[PDB]
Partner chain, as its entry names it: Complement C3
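Only one chain is shown below, in structure tokens, and it's the form deposited without the partner chain.
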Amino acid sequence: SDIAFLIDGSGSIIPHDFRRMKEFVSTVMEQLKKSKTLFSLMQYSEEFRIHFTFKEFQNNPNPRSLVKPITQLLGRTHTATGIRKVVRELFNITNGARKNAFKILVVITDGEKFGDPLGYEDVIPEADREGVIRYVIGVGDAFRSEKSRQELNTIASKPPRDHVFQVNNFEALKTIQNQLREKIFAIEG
């Protein structure tokens, strides 16, 4: 599995909550680490930060090591565009991605997509195409609406009842590691 994470580095995320989020990630990777499992990370906002590709991960497969030194981005939320860059670059061959592997993406967001040229209709379709399974962790009150949930149910793969985890705050991501973990194993064993 070519397992990749899309992390929201919005300045709407107080230093510690971002501190937390980041501890979340190190854990699930240590936790899902088979032998042939690859990892990749990029931080997104209004700016897009590729912290590492599957291609490197294998010449230093230490989640604590690569995840520790990230620097937040503060800008706004371009989820869609980030999605496009996930498929387009991350899951590209030269970036280590292996062709006969399961393509997986776990998206962690703090709010609705704000001021992005692209839409989901623009990026989603090309994601299915290459067959990227999407799981989404949505964090915070912003996602308490009867329309916020909608965008959450959207980035996911179907069914959404199974790809959406709606948490209350950064502390609380610890609460789903087991889930998120066990779901990503069932599809390899």
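Positions refer to the first chain, counted from 1.
From this point on, the text means the form deposited with the partner chain bound, which you will not see here.
Although the partner is absent here, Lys36 is not a contact residue: none of its heavy atoms lies within 4.5 angstroms of the partner chain in the deposited bound form. Of the heavy atoms in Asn95, none are within 4.5 Å of the partner chain in the deposited bound form.
Residue contact check for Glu47: one or more of its heavy atoms lie within 4.5 Å of the partner chain in the deposited bound form.
Taking the partner from elsewhere, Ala101 is found to have every heavy atom lying beyond 4.5 Å of the partner chain in the deposited bound form. Applying a 4.5 Å heavy atom cutoff to the partner chain in the deposited bound form picks out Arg144 as the lone residue from 119-148.
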